[PDB]
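Take a look at this one chain, the form deposited in one PDB entry, written out in structure tokens.
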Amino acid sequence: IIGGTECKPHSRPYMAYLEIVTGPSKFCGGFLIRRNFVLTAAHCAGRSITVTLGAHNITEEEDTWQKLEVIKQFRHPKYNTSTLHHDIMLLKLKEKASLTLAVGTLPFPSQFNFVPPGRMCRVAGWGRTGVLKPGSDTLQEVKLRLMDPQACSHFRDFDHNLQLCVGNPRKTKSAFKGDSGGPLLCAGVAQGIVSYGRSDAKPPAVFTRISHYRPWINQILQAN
């Protein structure tokens, strides 16, 4: 998260931290939508994933942590690495999380819920806080602006029905590497999933528009 601030610890209890193992491990964000399901981006998939719920400082084990293996990865069947269309994945956990003050689920939207350009939303994560900086040890958050789809026209086959365009280009505030898979919240509802953006971190970035994927989410949850 670039240009953000440290979250009040445990104020976003749905936040999930993903350690993905392939040798050396990669890292992503995600968020709890059911006690045993984490939503994230499709490009965070790997051979095995570990989810840590209840964290603020990811390097310090605390009382609030719940640390769970993923038993099944449900990547969207139409995900494509050329366009990164449908960059959405559901992770089924080995056991159900316990709901506490520090671990909770985030509602996801109705398909009719189409969030327009112009409004301010919030995204959080443990990613890099600059182009050349390390991942943040502590969960960080930033307020960003939803942009007209025209401002993401430099991105390949940007599709407004599928994808949100996030981050006023006149500012430096942005999600970045490591934030991928994390939720974008507008008025308390998960509307977006951090997907991708420019290597130089110049906003806006592309988020998956969760509302479009509501029926696909339904079919995964009901079969599992």
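Throughout, we count residues from 1 along the sequence that is shown. In this text, rigid core is short for the largest set of C-alphas that superpose within 1.5 Å between two forms. Shifts are known only where both forms have a C-alpha.
Below, we refer to the form deposited in another entry, which is not included among the displayed structures.
Colleague: Once the rigid core is lined up, just say which one of 145, 76, 85, 128 has a C-alpha that travels 2 Å or more between this form and the one not shown.
Modeller: Flagged residue: 128.
Colleague: Does residue 118 count as moved between this form and the one not shown, where moved means a C-alpha shift of 2 angstroms or more after fitting the rigid core?
Modeller: Residue 118 C-alpha, core-superposed: shift of less than 2 Å.
Colleague: Thinking of the 3 angstroms or more shift, are the C-alphas of residue 132 and residue 196 brought closer or pushed farther apart in the other entry than in this view?
Modeller: Closer in the other entry, by 3 Å or more.
Colleague: Given that the distance between the C-alpha atoms of residue 110 and residue 195 changes by 3 Å or more in the other entry, do they end up closer or farther than here?
Modeller: So the answer is farther.
Colleague: Can you list the runs of 3 or more residues whose CA atoms move by 2 Å or more between this form and the one not shown, with the rigid core superposed?
Modeller: Core-superposed, the runs shifting 2 Å or more come out as 107-112, 128-135, 175-178.
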